[PDB]
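The form deposited in one PDB entry is given below as one chain in structure tokens.
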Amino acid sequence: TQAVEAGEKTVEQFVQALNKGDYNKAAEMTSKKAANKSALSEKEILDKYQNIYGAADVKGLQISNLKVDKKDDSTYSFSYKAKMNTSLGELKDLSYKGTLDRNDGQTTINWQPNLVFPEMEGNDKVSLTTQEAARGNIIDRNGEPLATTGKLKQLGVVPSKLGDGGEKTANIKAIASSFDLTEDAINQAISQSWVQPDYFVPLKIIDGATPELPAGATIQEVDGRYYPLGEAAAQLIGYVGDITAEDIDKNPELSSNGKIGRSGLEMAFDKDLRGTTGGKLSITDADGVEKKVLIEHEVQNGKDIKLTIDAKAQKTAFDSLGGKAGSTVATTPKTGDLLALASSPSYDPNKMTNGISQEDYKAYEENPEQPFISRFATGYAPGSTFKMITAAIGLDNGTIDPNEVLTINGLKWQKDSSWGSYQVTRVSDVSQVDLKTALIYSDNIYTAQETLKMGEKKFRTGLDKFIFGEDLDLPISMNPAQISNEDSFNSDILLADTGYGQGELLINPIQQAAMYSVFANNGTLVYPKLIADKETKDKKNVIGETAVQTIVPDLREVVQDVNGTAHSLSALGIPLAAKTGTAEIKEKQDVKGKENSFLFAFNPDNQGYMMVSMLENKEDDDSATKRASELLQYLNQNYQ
């Protein structure tokens, strides 16, 4: 039985080498070329597998049900079932069979062309025909296009019809000034090594009306992905890029001639958007007549995907950031629909997917404000806005009396001398501060004191009812929000800092809109939702209903009171509840401290919408509040 042991080993070593793509090592386990031995030599077995398995992009060959028996005295017969992955899907239940050879102290495989595919004879060919699937569309809550396939106007030049000598320089300057192009860049395009004097050298895509075409300029229609909102939704949607040979090795079911999502929803929903390649993989005669069809099915185009996004709100939210670093999240807080996910600054996804220069791409990467960051999915310290949560927790466990008045003298405060030179700082020197006053003026010292009075254990008990540590069901890469680095603060200072939204808190804007939704649902947290068809999910009894009825009237005062931190929003004349905030940061970079500005705002009459905006590393006298009027006007009109 020691012979069939070595035969089973030989067959599995042969299958392993085929699975790994080392066709040479597989061929060197075959017998000499003869009639009842190997049908081909080693070098032509190599080329057989390399051409056929390479044409169909075979990957992941694995066998089962291996039986090795005895035929003659030195001839052992094997058989097994097998499956493999190709460019047209998985190929299952393949019945392979053959014979072995025990000559000296080694066993080899009598190779036959039926060990490539079952039922191949001598000189049979393999044919593969494919039809590429059309990529699906991404559309908003009202069916407007966010990412669609269609026809684009491609501009290029033919160096021959452009002219020579001084005739050339005049036309090149005419092209460069008629389409906003660098005169030195048109020459670098026509000077590339691939160019022949008569070829059409593409230059850029024209996304509007095309002016007069000077001599040598041409315009050709071409199919390609198009993003109608451009940079206004680049971080969310993403972009597609040309598929590489290294992508095909990872997943053979891609179209080597098509596009793959590189970031954003295009990448998160690539499998649903790309569809499936249609076609047929068949074995033919030495002539070419069809012997057996191995795989065949029709092309299935990609499904469309409907988002909760509002295209008008998304554009308004992004424009309001004015190219500064920041982000804005808008929801309908009773259902969790994500109306807008803006991040700024941004990149051009149309320029990204239609070929971008090395310099322009580096300008994006070297940009200190980093336009590639999805800021709506990046953990930040929430800032003073978080005082709402601490207050609601304090009202639930009875630590905070809404009418008790703390007496605060000055702008700085510390628990005792053990804090050293550290002090909680506030902006307004109000002496008598109750809860309503602390929310109107945004008083850290009040919140820091009520947090320390509450204590860590009661503070965390309230915080644990939220979504810290949870993974939201969203097709957006993000990390779970955290209260702090460890399970305990181990610091009175860190406890007070966390009270008014500083410390080691990390919560991204989407997770913030989820937590703050309790004030629009009588203490019920409503999870955010991006896919329009999905069902609303929530989480009851996060904070008490009594706390909501207490805090929301005070949040109205943040807008209506003449000294409220959001009083500029009272100009809108719409029912508003708001809370502004500030987070001071930086630690191991520059000496000057950087400041983040926050705004939370929702309609407290109908709970129709909710907004969380931020400015990262704000310039002086800039704030999220002074930029929010236009989006609030829109959301109030169209989402009651």
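Heads up, when I say rigid core I mean the largest set of C-alphas that superpose within 1.5 Å between the two forms. One-based numbering along the sequence shown.
Compared against other deposited entries of this protein, residue 590 counts as often unmodelled, lacking coordinates in at least a third of those that resolve the residues around it. Note: missing coordinates for residue 335 occur in none of the other compared entries bracketing this position, so the one-third threshold is not reached. The PDB entry reports B-factors from which the mean C-alpha value can be compared for 462-470 and 95-103; the larger average falls on 95-103.
On average the C-alpha atoms of 217-225 have higher B-factors than those of the other stretch, with 217-225 and 385-393 being the two compared. Comparing C-alpha B-factors across 630, 616, 622, 12 in the deposited entry, the largest value falls on 12. In the PDB entry, the Cα temperature factor peaks, among 128, 254, 481, 201, at 201.
In this PDB entry, residue 612 carries a Cα temperature factor that places it within the lowest third of its chain's modelled residues.
For residue 572, the recorded CA temperature factor ranks within the middle third of the chain's modelled residues. Sort the modelled residues of the chain by CA B factor and residue 68 lands in the highest third. Annotation for residue 52: C-alpha temperature factor in the middle third relative to the rest of the modelled chain, per the entry. Per the deposited record, the Cα B-factor of residue 46 falls in the middle third when ranked against the other modelled residues of its chain.
Keep in mind the form deposited in another entry is missing from the figure; the text below concerns it.
Once the core is superposed between this form and the one not shown, every option in 398, 166, 143, 410 stays below 2 Å in C-alpha shift except 166. With the core held fixed between this form and the one not shown, residue 25 has its Cα displaced by at least 2 Å. Residue 420 shows a C-alpha shift below 2 Å between this form and the one not shown [criterion: core-superposed Cα displacement of 2 Å]. After superposition on the rigid core, the Cα atom of residue 10 is displaced by 2 Å or more between this form and the one not shown. A decrease of at least 3 Å in the separation of the C-alpha atoms of residue 258 and residue 23 is found in the other entry, compared with the displayed form.
Note: the CA-CA distance for residue 366 and residue 185 expands in the other entry relative to this form, by 3 angstroms or more.
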